[PDB]
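Novice: Those letters in the sequence shown? Residues 91 to 369, by mature numbering (1 follows the signal peptide of the UniProt record, and there is no 0).
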Amino acid sequence: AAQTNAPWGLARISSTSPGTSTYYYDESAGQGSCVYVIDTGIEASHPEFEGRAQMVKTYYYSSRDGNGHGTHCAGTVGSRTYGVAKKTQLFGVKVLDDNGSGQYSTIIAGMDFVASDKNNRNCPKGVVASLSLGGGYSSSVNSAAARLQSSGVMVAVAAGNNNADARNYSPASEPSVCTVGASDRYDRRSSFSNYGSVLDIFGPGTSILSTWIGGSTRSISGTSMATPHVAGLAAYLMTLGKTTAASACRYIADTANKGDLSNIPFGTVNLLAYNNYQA
Ligand SMILES: [Ca+2]
């Protein structure tokens with residue numbers, strides 16, 4: 091399948107080179123997979139989600155996304171125009187309030203929720219969780235991320251936006267999950283992207299167009315935006331049967347574009363998520 095004039099991130103994920111604008115992907119498109127977006131929620135009524143999005147949990151007085159961040163992220167995972175996995179099922183877990191803030195205890199609870207809740211969902215091709223959030227190092231937060239992964243969920247987490255080593259952030263520093271740095275459309279490490287040995291992969295994160303609340307769209311930037319590219323990629327690869335929740339981060343690293351990013355600090359992986367799709 092070919093989607094012309096796609097957001098640059100989508101085009102990049104299916105390309106061996108920067109500077110193209112068509113997104114190429116197998117038409118299976120993550121059908122039969124599920125992706126949990128653990129964030130400010132998802133505006134499920136957005137036309138871009140086509141009925142494939144649902145709020146399953148909130149820790150606040152509403153499950154509505156009163157922010158937009160969670161909706162943007164979900165849109166990159168699986169919206170029809172802005173998504174990597176255009177046929178995946180999207181589940182929203184609101185651990186962040188409408189200011190984008192959340193106590194670590196609520197974040198942990200949301201992770202443990204998804205680890206159980208996948209048993210209440212129909213996801214024959216496999217389960218992914220996208221966590222575009224973080225804060226300072228916490229062993230409890232990392233442990234929760236490690237549980238969710240161990241349970242059979244491909245966990246993708248943002249490296250963080252401090253232009254700093256991600257070892258000092260959580261869940262970014264958890265070894266057993268997929269930690270995702272950000273790049274721009276010129277294959278530069280995004281200026282705000284964290285780095286370090288704990289990173290597993292890079293995805294597009296600068297100037298990323300996706301869904302927003304009020305049924306709109308916008309371009310914003312962050313390792314928050316890179317993460318859902320990787321989560322969507324994992325869902326897509328799982329429906330194709332190429333990989334599984336346990337091995338998908340390795341598989342993505344294995345099949346990544348290698349050595350192509352600039353301003354990657356010494357000792358950080360130079361790997362850019364790539365679907366290796368041959369149209
Ligand atoms: Ca990791």
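Just so you know, even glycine gets a beta-carbon here, dropped at the ideal spot from N, CA and C.
To the nearest angstrom, how far is it from the Cα of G226 to the Cα of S314?
Specialist: Their backbone Cα atoms lie some 16 Å apart in a straight line.
Novice: Taking the alpha carbon of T301 as the point to measure from, which residue in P137, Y149, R154, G165 has its own alpha carbon closest?
Specialist: Closest by alpha carbon: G165.
Novice: Could you give the distance in angstroms between the alpha-carbon of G295 and the alpha-carbon of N210?
Specialist: Those two C-alpha atoms are separated by around 32 Å.
Novice: Is the number of C-beta pairs between the region 315 to 322 and the region 133 to 146 that are closer than 8 Å three or more?
Specialist: Judged by Cβ distances under 8 Å, the region 315 to 322 makes no contact with the region 133 to 146, as fewer than three pairs qualify.
Novice: Hey, out of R340, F282, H319, whose CA is closest to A256's CA?
Specialist: That would be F282, whose Cα lies nearest to the Cα of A256.
Novice: When DSSP labels each residue in this structure, what does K208 get in the three-state scheme?
Specialist: Note: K208 maps to helix in three-state DSSP.
Novice: When you measure from the CB of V270 to every non-hydrogen atom of ligand 1, does any distance come out below 7 Å?
Specialist: No, since every heavy atom of ligand 1 falls outside the 7 Å radius drawn around the Cβ of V270.
Novice: Can you tell me the Cα-Cα spacing of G158 and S260, whole angstroms?
Specialist: About 22 Å.
Novice: What residue from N258, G331, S337 has the CA that sits closest to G242's CA?
Specialist: Residue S337 is the option with its Cα nearest to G242.
Novice: Counting Cβ pairs, one atom from each stretch, are 3 or more of them under 8 Å apart for the region 344 to 356 and the region 302 to 309?
Specialist: Cβ pair count under 8 Å is below three, so no.
Novice: Could you tell me the distance, in whole angstroms, from the CA atom of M244 to the CA atom of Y194?
Specialist: Between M244 and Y194, the C-alpha separation is close to 21 Å.
Novice: For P214, does the count of other Cβ atoms within 10 angstroms reach 16, so buried, or fall short, so exposed?
Specialist: By the 10 Å Cβ count, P214 comes out exposed.
Novice: How many Å lie between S352 and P97 at the Cα?
Specialist: Distance between the alpha carbons of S352 and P97 is about 21 Å.
Novice: In terms of alpha-carbon separation, which member of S287, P108, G192 lies closest to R275?
Specialist: Comparing Cα-Cα distances from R275 to each of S287, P108, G192, the minimum goes to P108.
Novice: Would you say the beta carbon of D290 comes nearer than 7 Å to a heavy atom of ligand 1?
Specialist: Checking every heavy atom of ligand 1 against the Cβ of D290, one is found closer than 7 Å.
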